[PDB]
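A short worksheet on the structure shown next.
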Amino acid sequence: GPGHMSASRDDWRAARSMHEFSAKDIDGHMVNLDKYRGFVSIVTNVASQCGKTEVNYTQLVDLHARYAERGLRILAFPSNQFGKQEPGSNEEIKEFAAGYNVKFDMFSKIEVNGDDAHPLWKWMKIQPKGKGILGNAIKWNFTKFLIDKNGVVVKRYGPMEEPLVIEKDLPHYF
């Protein structure tokens with residue numbers, strides 16, 4: 001018969017990267033996370049009212065610009081499920097990033113916790129770098145997943161860690 005390959009993508013065994021998922025940008029248009037194939041990529045949740053917001057962003061922009069020559073990318077997911085982290089309208093969170101000189105796109109309309117969490121973040125939470133010992137779940141906003149250029153989660157950093165912690169493992173992959 002016609003065709004040589006087909007798949008029903010039944011569960012996590014078919015999911016191999018962010019490339020098997022897609023998320024809205026802050027304007028509401030679909031981002032194809034497939035575009036991260038061949039790029040060293042980072043996945044983290046952002047917020048305007050964290051105790052460390054500028055302590056993250058002021059490094060985050062510099063690292064993006066410093067490795068822009070090598071193909072470094074970072075998809076920033078604004079998030080409120082932890083507490084009082086992000087109570088603004090999405091149109092604030094768009095220009096909030098521009099206040100730190102951000103040249104990467106701002107993202108919107110995902111979830112990271114509960115049964116209706118966006119499946120990108122479920123796939124990372126079920127990865128061996130995102131899983132806990134007991135009940136799982138992200139500790140706080142600004143939790144950082146590290147993806148080598150092949151789209152596979154290599155590493156993960158706690159929400160107290162700066163992007164400057166990633167800057168140590170970054171140059172080994174490119």
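Ordered as shown in the structure tokens, chains take letters A, B, and onward, while each chain numbers its residues from 1 and ligands are numbered from 1 in the order shown.
By only C-alpha atoms, and with residues fewer than 6 positions from residue 126 in chain A along its chain excluded, the set lying at most 12 Å from it is residues 11, 12, 13, 15, 16, 119, 120, 132, 133, 135, 136, 137, 138 and 153 of chain A.
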Range 39-56 of chain A: which residues within 7 Å, counting only C-alpha atoms, same-chain residues fewer than 6 positions away excluded, as a PyMOL selection string?
chain A and resi 71-79+84-86+141-149+162-163
Produce a file of the selected residues containing N, CA, C and O atoms, as an mmCIF file, in the first residue's frame.
data_model
loop_
_atom_site.group_PDB
_atom_site.id
_atom_site.type_symbol
_atom_site.label_atom_id
_atom_site.label_comp_id
_atom_site.auth_asym_id
_atom_site.auth_seq_id
_atom_site.Cartn_x
_atom_site.Cartn_y
_atom_site.Cartn_z
ATOM 1 N N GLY A 71 24.596 30.164 18.141
ATOM 2 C CA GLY A 71 23.250 29.585 18.097
ATOM 3 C C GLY A 71 22.637 29.276 19.466
ATOM 4 O O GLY A 71 22.066 28.198 19.632
ATOM 5 N N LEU A 72 22.754 30.180 20.448
ATOM 6 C CA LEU A 72 22.078 30.032 21.745
ATOM 7 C C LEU A 72 20.673 30.646 21.688
ATOM 8 O O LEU A 72 20.488 31.751 21.174
ATOM 9 N N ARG A 73 19.680 29.942 22.239
ATOM 10 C CA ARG A 73 18.260 30.325 22.277
ATOM 11 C C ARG A 73 17.674 30.120 23.680
ATOM 12 O O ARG A 73 18.114 29.239 24.418
ATOM 13 N N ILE A 74 16.649 30.894 24.034
ATOM 14 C CA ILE A 74 15.951 30.780 25.326
ATOM 15 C C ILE A 74 14.475 31.193 25.212
ATOM 16 O O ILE A 74 14.157 32.343 24.907
ATOM 17 N N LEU A 75 13.561 30.229 25.411
ATOM 18 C CA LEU A 75 12.108 30.420 25.396
ATOM 19 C C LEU A 75 11.554 30.654 26.818
ATOM 20 O O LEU A 75 11.545 29.758 27.665
ATOM 21 N N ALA A 76 11.151 31.907 27.079
ATOM 22 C CA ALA A 76 10.802 32.440 28.396
ATOM 23 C C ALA A 76 9.293 32.404 28.678
ATOM 24 O O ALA A 76 8.543 33.227 28.153
ATOM 25 N N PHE A 77 8.848 31.527 29.573
ATOM 26 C CA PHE A 77 7.430 31.275 29.825
ATOM 27 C C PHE A 77 6.865 32.049 31.036
ATOM 28 O O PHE A 77 7.039 31.603 32.175
ATOM 29 N N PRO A 78 6.195 33.206 30.863
ATOM 30 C CA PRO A 78 5.678 33.968 31.995
ATOM 31 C C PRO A 78 4.603 33.179 32.748
ATOM 32 O O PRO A 78 3.724 32.566 32.135
ATOM 33 N N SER A 79 4.725 33.141 34.075
ATOM 34 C CA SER A 79 4.039 32.166 34.932
ATOM 35 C C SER A 79 3.578 32.779 36.258
ATOM 36 O O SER A 79 4.321 33.512 36.904
ATOM 37 N N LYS A 84 2.514 35.126 43.727
ATOM 38 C CA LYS A 84 2.341 36.539 43.304
ATOM 39 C C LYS A 84 3.343 36.989 42.222
ATOM 40 O O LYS A 84 3.527 38.184 42.001
ATOM 41 N N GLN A 85 3.993 36.029 41.562
ATOM 42 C CA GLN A 85 5.094 36.194 40.600
ATOM 43 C C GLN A 85 4.759 37.103 39.396
ATOM 44 O O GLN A 85 5.586 37.928 39.004
ATOM 45 N N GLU A 86 3.572 36.956 38.799
ATOM 46 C CA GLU A 86 3.185 37.647 37.557
ATOM 47 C C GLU A 86 1.672 37.958 37.515
ATOM 48 O O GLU A 86 0.894 37.177 36.957
ATOM 49 N N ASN A 141 9.317 29.899 40.217
ATOM 50 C CA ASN A 141 9.596 30.625 38.976
ATOM 51 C C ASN A 141 11.110 30.817 38.750
ATOM 52 O O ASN A 141 11.853 30.993 39.714
ATOM 53 N N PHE A 142 11.527 30.850 37.481
ATOM 54 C CA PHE A 142 12.904 30.942 36.975
ATOM 55 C C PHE A 142 13.661 29.603 37.097
ATOM 56 O O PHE A 142 14.889 29.590 37.181
ATOM 57 N N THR A 143 12.960 28.459 37.039
ATOM 58 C CA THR A 143 13.589 27.124 37.019
ATOM 59 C C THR A 143 14.063 26.852 35.605
ATOM 60 O O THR A 143 13.317 27.167 34.676
ATOM 61 N N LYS A 144 15.276 26.328 35.400
ATOM 62 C CA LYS A 144 15.927 26.370 34.079
ATOM 63 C C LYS A 144 16.311 24.988 33.584
ATOM 64 O O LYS A 144 17.121 24.303 34.203
ATOM 65 N N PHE A 145 15.768 24.614 32.437
ATOM 66 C CA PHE A 145 16.078 23.376 31.732
ATOM 67 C C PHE A 145 17.096 23.637 30.634
ATOM 68 O O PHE A 145 16.966 24.596 29.870
ATOM 69 N N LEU A 146 18.106 22.768 30.565
ATOM 70 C CA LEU A 146 19.217 22.878 29.624
ATOM 71 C C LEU A 146 19.127 21.779 28.566
ATOM 72 O O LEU A 146 19.114 20.591 28.892
ATOM 73 N N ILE A 147 19.071 22.196 27.303
ATOM 74 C CA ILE A 147 18.893 21.342 26.132
ATOM 75 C C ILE A 147 20.086 21.553 25.194
ATOM 76 O O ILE A 147 20.334 22.655 24.701
ATOM 77 N N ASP A 148 20.854 20.485 24.968
ATOM 78 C CA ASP A 148 21.910 20.502 23.948
ATOM 79 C C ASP A 148 21.292 20.619 22.538
ATOM 80 O O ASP A 148 20.090 20.406 22.358
ATOM 81 N N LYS A 149 22.103 20.940 21.523
ATOM 82 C CA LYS A 149 21.610 21.276 20.170
ATOM 83 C C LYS A 149 20.708 20.224 19.499
ATOM 84 O O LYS A 149 19.987 20.544 18.556
ATOM 85 N N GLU A 162 21.234 31.734 38.854
ATOM 86 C CA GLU A 162 21.407 32.669 37.738
ATOM 87 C C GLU A 162 21.657 31.960 36.392
ATOM 88 O O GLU A 162 22.248 30.877 36.365
ATOM 89 N N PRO A 163 21.390 32.625 35.248
ATOM 90 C CA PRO A 163 21.856 32.159 33.940
ATOM 91 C C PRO A 163 23.387 31.983 33.878
ATOM 92 O O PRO A 163 23.887 31.148 33.128
#
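Using only C-alpha atoms for every distance, the candidate list A:159, A:128, A:99, A:88 yields A:99 as the residue closest to residue 58 in chain A.
When only C-alpha atoms are used to compute distances to residue 80 in chain A, the closest of the residues A:33, A:172, A:113, A:26 turns out to be A:113.
Proximity to residue 59 in chain A was assessed for A:101, A:118, A:2, A:36 counting only C-alpha atoms; the smallest distance is recorded for A:101.
Rounded to one decimal, CA of residue 155 in chain A and CA of residue 93 in chain A lie 27.1 Å from each other.
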Give the helix (DSSP H, G or I) residues of range 10-54 of chain A, as DSSP finds them on the backbone, and put them as a PyMOL selection string.
chain A and resi 18-20+33-36+53-54
Write the selection just made, keeping N, CA and C atoms, as an mmCIF file, in the first residue's frame?
data_model
loop_
_atom_site.group_PDB
_atom_site.id
_atom_site.type_symbol
_atom_site.label_atom_id
_atom_site.label_comp_id
_atom_site.auth_asym_id
_atom_site.auth_seq_id
_atom_site.Cartn_x
_atom_site.Cartn_y
_atom_site.Cartn_z
ATOM 1 N N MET A 18 11.276 19.521 22.941
ATOM 2 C CA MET A 18 10.374 20.649 22.678
ATOM 3 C C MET A 18 9.881 20.646 21.223
ATOM 4 N N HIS A 19 10.654 20.086 20.284
ATOM 5 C CA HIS A 19 10.279 19.937 18.869
ATOM 6 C C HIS A 19 8.988 19.130 18.639
ATOM 7 N N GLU A 20 8.598 18.274 19.588
ATOM 8 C CA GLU A 20 7.336 17.516 19.548
ATOM 9 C C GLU A 20 6.142 18.316 20.126
ATOM 10 N N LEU A 33 8.565 24.985 18.069
ATOM 11 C CA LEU A 33 9.744 24.678 18.895
ATOM 12 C C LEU A 33 10.687 23.665 18.197
ATOM 13 N N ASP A 34 10.258 23.083 17.076
ATOM 14 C CA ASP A 34 11.073 22.437 16.040
ATOM 15 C C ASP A 34 12.271 23.291 15.585
ATOM 16 N N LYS A 35 12.101 24.621 15.524
ATOM 17 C CA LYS A 35 13.136 25.590 15.111
ATOM 18 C C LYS A 35 14.381 25.553 16.003
ATOM 19 N N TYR A 36 14.263 25.016 17.221
ATOM 20 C CA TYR A 36 15.373 24.801 18.149
ATOM 21 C C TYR A 36 16.314 23.644 17.766
ATOM 22 N N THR A 53 14.265 38.786 39.780
ATOM 23 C CA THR A 53 13.890 39.074 38.372
ATOM 24 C C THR A 53 15.009 39.732 37.555
ATOM 25 N N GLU A 54 15.550 40.868 38.006
ATOM 26 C CA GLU A 54 16.611 41.586 37.277
ATOM 27 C C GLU A 54 17.953 40.843 37.344
#
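With distances restricted to only C-alpha atoms, A:63 is the closest residue to residue 166 in chain A from A:111, A:63, A:70, A:4.
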DSSP on the backbone, then: every residue of chain A marked strand (DSSP E or B), written as an MDAnalysis selection string.
chainID A and resid 22:25 30:32 40:46 72:78 106:108 144:147 153:157
Two-atom distance - CA of residue 122 in chain A, CA of residue 106 in chain A (Å)
20.2 Å
